[PDB]
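J.:
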Amino acid sequence: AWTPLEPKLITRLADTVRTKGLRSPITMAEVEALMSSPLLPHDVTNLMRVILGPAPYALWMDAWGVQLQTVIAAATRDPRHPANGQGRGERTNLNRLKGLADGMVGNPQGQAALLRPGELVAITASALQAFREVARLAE
Amino acid sequence: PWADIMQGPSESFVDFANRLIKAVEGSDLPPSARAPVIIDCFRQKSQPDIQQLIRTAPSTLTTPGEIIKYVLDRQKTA
Amino acid sequence: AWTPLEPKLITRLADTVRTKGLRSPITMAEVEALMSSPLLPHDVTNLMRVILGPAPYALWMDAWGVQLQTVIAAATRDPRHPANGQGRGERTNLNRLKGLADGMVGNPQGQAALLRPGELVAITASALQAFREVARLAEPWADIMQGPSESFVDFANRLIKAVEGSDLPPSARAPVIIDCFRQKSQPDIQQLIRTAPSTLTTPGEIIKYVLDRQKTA
Amino acid sequence: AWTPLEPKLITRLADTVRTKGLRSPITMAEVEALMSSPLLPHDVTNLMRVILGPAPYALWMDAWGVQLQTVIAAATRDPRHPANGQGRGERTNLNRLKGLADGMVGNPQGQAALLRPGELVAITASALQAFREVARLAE
Amino acid sequence: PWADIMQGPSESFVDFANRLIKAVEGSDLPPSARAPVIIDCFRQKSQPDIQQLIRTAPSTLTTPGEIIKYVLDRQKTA
Amino acid sequence: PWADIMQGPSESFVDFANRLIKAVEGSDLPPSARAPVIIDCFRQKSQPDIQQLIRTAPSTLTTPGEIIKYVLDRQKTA
Amino acid sequence: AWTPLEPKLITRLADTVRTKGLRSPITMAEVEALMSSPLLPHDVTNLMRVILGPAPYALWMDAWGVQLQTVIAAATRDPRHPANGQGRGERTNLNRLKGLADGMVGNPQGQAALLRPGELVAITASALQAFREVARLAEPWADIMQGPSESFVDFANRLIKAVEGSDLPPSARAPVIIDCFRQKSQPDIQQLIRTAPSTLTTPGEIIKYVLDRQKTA
Amino acid sequence: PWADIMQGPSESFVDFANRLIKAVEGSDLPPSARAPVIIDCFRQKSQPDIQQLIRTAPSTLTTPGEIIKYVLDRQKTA
Amino acid sequence: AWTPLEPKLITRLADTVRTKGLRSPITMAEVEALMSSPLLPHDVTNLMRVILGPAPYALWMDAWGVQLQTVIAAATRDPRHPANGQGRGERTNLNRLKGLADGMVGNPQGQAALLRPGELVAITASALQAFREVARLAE
Amino acid sequence: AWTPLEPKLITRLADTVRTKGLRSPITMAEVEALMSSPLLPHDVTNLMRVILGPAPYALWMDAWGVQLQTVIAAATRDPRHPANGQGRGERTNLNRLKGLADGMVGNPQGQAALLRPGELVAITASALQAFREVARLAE
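Protein sequence lines correspond, in order, to chains H, G, B, C, A, D, E, I, J and F.
So in the authors' numbering, spot 29 of the first sequence is number 38, and the numbers just go up one at a time.
So in the authors' numbering, spot 6 of the second sequence is number 157, and the numbers just go up one at a time.
With the authors' numbering applied, the third sequence covers 10 to 148, 152 to 229.
So in the authors' numbering, spot 20 of the fourth sequence is number 29, and the numbers just go up one at a time.
So in the authors' numbering, spot 39 of the fifth sequence is number 190, and the numbers just go up one at a time.
So in the authors' numbering, spot 61 of the sixth sequence is number 212, and the numbers just go up one at a time.
With the authors' numbering applied, the seventh sequence covers 10 to 148, 152 to 229.
So in the authors' numbering, spot 63 of the eighth sequence is number 214, and the numbers just go up one at a time.
So in the authors' numbering, spot 80 of the ninth sequence is number 89, and the numbers just go up one at a time.
So in the authors' numbering, spot 92 of the tenth sequence is number 101, and the numbers just go up one at a time.
1) Going by beta carbon distance, what residues of the same chain come within less than 7 Å of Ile-219 (chain D), once the five residues before and after it are set aside?
2) Should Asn-104 (chain C) be labelled buried (16 or more other beta-carbon atoms within 10 Å of its own) or exposed?
3) Given a threshold of 16 other Cβ atoms within 10 Å of its Cβ, counted over all protein chains shown, does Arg-225 (chain B) qualify as buried or as exposed?
4) Counting only Cβ-Cβ distances shorter than 7 Å, please list the residues of the region 58 to 72 of chain E near chain D, keeping chain order.
5) Tell me the rounded alpha-carbon separation between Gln-195 (chain D) and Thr-211 (chain D).
6) Taking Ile-201 (chain E) as the reference, which of E:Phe-164, E:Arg-89 and E:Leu-22 has the closest Cα?
7) Is there a Cβ from chain E that is less than 8 Å from the Cβ of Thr-228 (chain A)?
8) Assuming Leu-48 (chain H) and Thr-133 (chain H) are in contact, meaning their beta carbons sit under 8 Å apart, how far apart are those beta carbons, in whole angstroms?
9) Can you confirm whether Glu-39 (chain E), when its beta carbon is compared against all beta carbons of chain F, has any partner nearer than 8 Å?
10) Taking Cβ-Cβ distances shorter than 9 Å, what residues in chain B pair up with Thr-207 (chain D)?
11) Can at least three beta-carbon pairs, one atom from the region 128 to 143 of chain E and one from the region 20 to 40 of chain E, be found at a separation below 8 Å?
12) Determine the extent of the alpha helix (DSSP H) in which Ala-10 (chain F) is found, giving its start and end residues.
13) Would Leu-223 (chain D) pass as an interface residue toward chain B - the criterion being a Cβ-Cβ separation below 8 Å?
14) By the three-class DSSP mapping on this structure, what secondary structure does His-90 (chain H) have?
15) Just to make sure I have the definition right: I need the residues of chain G whose C-beta is within less than 9 Å of the C-beta of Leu-56 (chain H). Which are they?
16) Any idea what DSSP makes of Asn-55 (chain J), helix, strand or coil?
17) Taking the straight line between their C-alpha atoms, what separation do you get for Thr-207 (chain G) and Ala-229 (chain D)?
18) If you drop the 5 nearest sequence neighbours on each side, which residues of the same chain put their C-beta closer than 8 Å to that of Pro-65 (chain E)?
19) Measuring only the C-alpha atoms, how far is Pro-187 (chain E) from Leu-180 (chain B)?
20) Among residues of its own chain, excluding the 5 on either side of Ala-110 (chain B), which ones have a beta-carbon nearer than 8 Å to its beta-carbon?
21) According to the neighbour-count rule (16 or more other Cβ atoms, all chains shown, within 10 Å of its Cβ), is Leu-106 (chain E) buried or exposed?
22) Does DSSP put residue 3 (chain F) in a helix, in a strand, or in coil?
23) Check the Cβ-Cβ distances between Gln-78 (chain B) and every residue of chain E, and say whether any is below 8 Å.
24) So which residues on chain A does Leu-180 (chain B) lean against when the C-beta distance must stay under 7 Å?
25) I'd like the list of long-range same chain contacts for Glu-176 (chain G), defined as Cβ closer than 7 Å, with 5 residues on each side in sequence excluded.
26) Go ahead and pull the three-state DSSP assignment for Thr-228 (chain A).
27) Taking C-beta pairs closer than 7 Å, name the residues in chain B that residue 228 (chain C) reaches, listed in chain order.
28) Smallest Cα separation from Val-26 (chain C): which of C:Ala-10, C:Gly-62 and C:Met-44?
29) Counting along the chain, where does the alpha helix (DSSP H) carrying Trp-73 (chain J) start and finish?
30) Would you please verify whether the beta carbon of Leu-212 (chain I) is less than 8 Å from any beta carbon of chain A?
31) Look at the alpha carbon of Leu-18 (chain J) and the alpha carbon of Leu-56 (chain J), and state the distance between them as a whole number of angstroms.
32) Give a yes or no on whether 8 Å exceeds the smallest Cβ distance from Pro-152 (chain B) to chain A.
33) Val-222 (chain I): buried (16+ other C-beta within 10 angstroms of its C-beta) or exposed?
34) So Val-114 (chain B) contacts chain E; which residues on that side make the cut at Cβ distance below 7 Å?
35) Suppose you measure from the CA of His-51 (chain H) to the CA of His-90 (chain H); what does that come to, to the nearest Å?
36) Quick check on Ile-190 (chain I) - is its C-beta less than 8 Å from some C-beta in chain J?
Have a look at this one:
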């Protein structure tokens with residue numbers, strides 16, 4: 010069952026990003042805090058939509074896609090990925106990682122249903138690395 | 152109005168990009184027409200130094216984020 | 010039986026030569042078109058009288074005579090010329106080629122009667138080569157610069173025109189055009205070509221690249 | 010038997026390109042008109058030599074080569090090309106498409122002799138697409 | 152009038168030759184007197200650069216066409 | 152000191168590269184840290200024309216020799 | 010047995026490179042001189058370390074590697090390379106060419122022991138071509157004009173230098189030099205070349221003619 | 152003295168040739184050395200207009216009479 | 010028997026050439042007058058030596074040689090020249106025309122002995138034409 | 010076996026030409042010194058490439074060609090040339106003199122193999138005369 014993040018925590022994090030900036034160690038610590046439980050693509054996408062401005066959000070979408078593509082290359086380079094399965098029918102496509110696959114587009118409940126925990130942690134680590142890249146790039 | 156937005160002579164590029172993306176996304180365009188419009192407004196607005204910087208891009212930039220990253224990398228520090 | 014060329018086609022060709030000039034590829038194509046069927050000396054002479062001015066016509070008469078003389082030298086060097094015959098009584102004199110022989114002076118019907126088809130095609134090829142010579146003669153690449161306000165396609169057109177219509181060998185035009193694109197073509201485009209992540213090894217590729225990445229203004 | 014295009018039509022088309030430009034819809038309609046019957050490489054080459062200036066002609070040669078190469082890749086990807094045959098001895102090389110093969114260089118009669126109708130229509134479509142590309146590029 | 156034709160300071164040589172041959176052939180001279188007159192008008196008109204170019208001709212030019220060819224070959228490109 | 156080396160406004164690039172490589176190799180750095188330092192000093196020193204020339208490199212340059220070759224090819228002749 | 014090159018010759022060559030530069034014909038002649046006997050990778054490597062600065066040495070290492078890789082591609086494309094053998098056990102790896110193979114690293118004696126004469130001459134030719142590339146790279153003909161006060165021999169020297177030290181094919185230099193003599197070389201010499209009763213078909217002949225008939229001033 | 156004879160700025164060429172041939176033939180030179188001296192004095196004296204006129208002779212002039220004829224033909228009428 | 014021309018007439022002709030020039034019709038008439046009887050090469054040579062300056066005399070020697078060469082070409086083109094004979098032993102060489110043949114060099118008496126009247130009139134006409142050429146050339 | 014000239018002597022001669030000029034008697038003496046042994050076309054060509062500037066080198070190539078052509082005319086005028094042989098198969102073409110013949114282009118060893126000593130001395134004398142002409146012409 011999907012539970013959304015508190016809008017109070019999200020508002021506090023957005024104001025933190027607004028006053029301290031993207032690169033302050035306190036901001037990265039707060040992001041790591043709100044990045045503790047494995048989030049669904051819907052959660053991370055809406056979170057970055059709210060806390061980041063338009064141009065940093067575009068940059069972050071780009072960087073997140075690139076990092077997810079590196080993850081999928083490593084996944085096709087190793088059939089023992091915690092997102093993959095043993096047979097070929099469990100291979101994870103980027104539509105399933107970005108939340109674009111069938112039964113997931115716009116629906117967080119179905120998303121949480123079909124996604125694997127390894128998928129969730131890989132998406133989360135990818136999003137964190139992308140946030141770091143964009144923060145280092147913006148300023 | 153998005154089609155009246157120009158990058159001022161003294162304005163930085165991230166401020167211009169913020170203003171333009173704001174005015175384009177908060178407008179009456181369909182959702183599937185915002186990215187091409189933002190790109191083509193980056194190319195024709197954004198005073199001729201950045202215009203030539205985007206024109207002479209050895210790679211093809213097909214996303215506002217990629218254009219912003221490229222311009223921020225190769226911009227004239229001043 | 011002799012049939013004259015249409016004065017309508019001749020008028021259109023004359024106006025083409027008047028507006029486009031003698032050396033344009035469209036003009037040479039039109040001349041090749043009106044040079045399709047083997048013409049009698051009368052036809053080619055009147056055609057050049059009408060389409061060419063007085064001084065180009067004098068030059069063309071000179072060049073036509075020289076080329077016909079080369080043809081007659083090759084003919085006396087080979088008794089199997091399509092204008093010649095097997096015996097010595099069919100040897101073709103320049104009076105017969107220029108239409109000056111007996112029974113031909115001023116009369117196109119008699120001309121068409123006595124002339125051979127090989128004679129006609131040789132006269133026609135000679136006249137075409139003479140026209141080419143005079144056109145190349147009647148009308152500098154290393155002095156061409158791209159003006160401050162000129163576009164790049166106009167500069168490329170002018171440069172390629174002046175380089176291909178010059179005295180360079182055919183195998184030296186592309187490298188010269190490239191190296192002139194690189195050193196002329198004012199420093200904005202110079203730096204645009206210099207910072208090319210790919211290696212451009214053809215004038216067409218350079219033109220395409222510059223047209224893609226040019227500063228819209 | 011090869012029949013050349015009328016120099017009157019070619020002169021009218023050249024003046025159309027001279028006054029209206031390369032990209033006007035009337036110019037493209039006129040080109041489509043003179044591109045009605047399948048032309049031999051000699052015909053299209055001389056046509057573009059006459060109607061186009063030197064630099065657009067260089068660009069058009071480049072684009073025509075690229076499009077013909079795409080056609081030959083599709084041809085080696087499908088042995089049922091109307092230019093190809095069933096056996097391997099009918100495979101069509103770029104020397105045969107550009108008119109550079111043996112018995113064709115400079116001779117339009119021999120060209121018309123050895124070429125296939127599928128070859129002719131493929132060459133013609135390739136030349137039309139190349140003209141469109143160059144027209145979109147020049148202005 | 153043929154005897155009043157001069158090559159202008161800015162005029163090219165083929166235009167001057169065209170004008171002169173036109174005025175000489177469309178005049179009251181006998182047919183056997185046109186070529187010598189055209190030659191001697193090329194030599195005395197046709198401003199002193201081309202005058203000296205024709206004067207210092209290592210070969211003898213005995214026809215208007217030959218003079219035109221020689222001058223077109225050795226003319227000062229400008 | 153290697154970290155104080157700048158390319159002068161009038162200095163050529165091969166002289167700057169010679170001076171920088173000399174000061175970096177004749178210093179207290181480990182041998183495995185000289186190439187990355189030389190590259191990152193080419194990128195941040197070497198006044199902004201060459202900085203932008205290296206930044207807009209369609210290929211990725213991963214060696215001081217490759218950077219030197221690229222810059223020598225595409226440098227602004229002056 | 011390995012014999013080192015004289016440090017006196019190496020010092021003289023280094024000072025030659027220091028004063029004349031990398032691209033002078035005297036410098037290339039001196040390098041060809043010291044490149045006469047087939048050198049071991051150790052010799053050429055130390056030679057380029059001594060005569061070249063740090064940045065040209067890096068460039069030269071790059072170019073030498075690329076040329077050796079082309080050589081090894083040609084070697085795997087032909088089993089009859091003078092560096093190769095007939096069986097597969099004599100195939101020459103780049104570690105053996107660059108001196109990195111086993112029993113060769115840092116030891117010139119062992120190097121000279123295991124290397125083939127074909128290997129040595131291939132390495133030497135590769136190093137010479139790499140030196141040529143780097144020299145052409147370390148340091152525009154269509155922009156050269158004869159100054160109002162400049163003499164003609166200086167202009168000809170500058171133009172021939174810039175044309176021969178450029179990217180043109182070898183068969184396109186003479187026509188370009190001639191056509192640049194004709195269109196550059198301010199209008200007095202332009203008219204002097206134009207009114208040439210003879211046809212000049214060589215840069216040397218044009219230079220001789222102009223030097224004969226030039227306006228002494 | 153023959154070696155001191157120059158063609159004056161206003162003097163015609165036939166007067167200069169007369170004076171020079173007179174002074175050369177009425178001197179102490181051997182008879183077999185007069186023609187080469189007269190030729191080489193025509194070439195080096197005879198102020199630079201005629202000097203260049205003789206220099207650019209498509210034919211080789213090997214006699215004082217031939218040089219005189221050539222110069223009289225192609226001289227600048229003034 | 011050879012009789013020399015009067016030095017009084019030669020002095021008057023020289024002063025005429027000195028005052029009127031080479032091209033005046035009175036000068037040409039006077040030359041035609043002193044060119045009435047067929048002169049020997051010695052006579053014409055000395056006459057031109059006296060009346061002409063050094064440079065016109067060189068030009069006249071050249072022109073006289075050229076005209077005599079044309080005459081000798083016409084003579085070898087027709088064996089019925091009044092200077093020639095019927096057999097090949099009477100063919101007239103340029104040494105006999107210019108007075109350079111054997112028994113003639115410097116001796117006017119021997120000259121008058123061996124020369125033919127046709128030879129004399131041909132030499133005279135040649136000299137007159139050469140004088141005309143040089144006069145037209147000098148001014 | 011071919012032995013190259015010392016680059017030290019060539020450098021000294023080049024500096025002599027640079028300071029004293031082309032026409033000084035000391036320079037001509039030095040050239041005669043380095044022109045002592047019969048040189049192959051490769052040697053003389055590279056020597057003139059190094060010691061002479063670009064424009065004097067062009068002039069020297071022209072003059073050397075002209076002098077070699079005069080030599081070949083004298084050779085076809087006398088079958089007893091030290092470069093020629095007795096039969097017609099040893100006649101020396103300009104491709105063999107300028108080093109352009111087969112087996113000689115760019116290879117000094119093969120050059121030294123096929124060339125005759127008479128060929129070498131004729132080439133050397135021709136090059137010396139050409140150097141004299143160019144030196145008299147340059148200044």
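Every residue gets a Cβ at the ideal spot worked out from N, C-alpha and C, and that includes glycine.
T.: From the atom records:
1) If you ignore the 5 residues before and after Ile-219 (chain D), its C-beta comes within less than 7 Å of the C-beta of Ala-168, all in its own chain and listed in chain order.
2) exposed
3) Looking at its Cβ environment, which holds 16 or more other Cβ atoms inside 10 Å, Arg-225 (chain B) is buried.
4) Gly-62, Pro-63, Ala-64, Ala-67, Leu-68, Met-70 and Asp-71
5) 16 Å
6) E:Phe-164
7) yes
8) 6 Å
9) yes
10) Within 9 Å Cβ-Cβ: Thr-207 and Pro-209.
11) With the cut-off at 8 Å, the region 128 to 143 of chain E and the region 20 to 40 of chain E touch.
12) No alpha helix (DSSP H) holds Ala-10 (chain F); DSSP gives it neither H nor E.
13) no
14) coil
15) Going along chain G, no residue has its Cβ under 9 Å from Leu-56 (chain H), so there is no contact; the nearest lies around 17 Å.
16) helix
17) 21 Å
18) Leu-31, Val-143 and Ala-147
19) 6 Å
20) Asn-102, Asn-104 and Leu-123
21) By the C-beta density criterion, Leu-106 (chain E) is buried, having at least 16 other C-beta atoms within 10 angstroms.
22) Because chain F in this structure spans residues 10 to 148, residue 3 (chain F) falls outside the shown range and cannot be described.
23) no
24) What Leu-180 (chain B) touches in chain A: nothing, since even the nearest Cβ is about 16 Å away.
25) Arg-185
26) Looking at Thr-228 (chain A) - three-state DSSP - the assignment turns out to be coil, as it is neither helix nor strand.
27) Here chain C covers residues 10 to 148 and nothing more, so residue 228 (chain C) does not appear.
28) C:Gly-62
29) 63 to 85
30) No, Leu-212 (chain I) lies away from the interface with chain A (no Cβ there is under 8 Å from its Cβ).
31) 11 Å
32) yes
33) buried
34) Per Cβ cutoff of 7 Å: no residues; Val-114 (chain B) is ~37 Å from chain E at best.
35) Rounded to whole angstroms, the gap between the alpha carbons of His-51 (chain H) and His-90 (chain H) is 22 Å.
36) no
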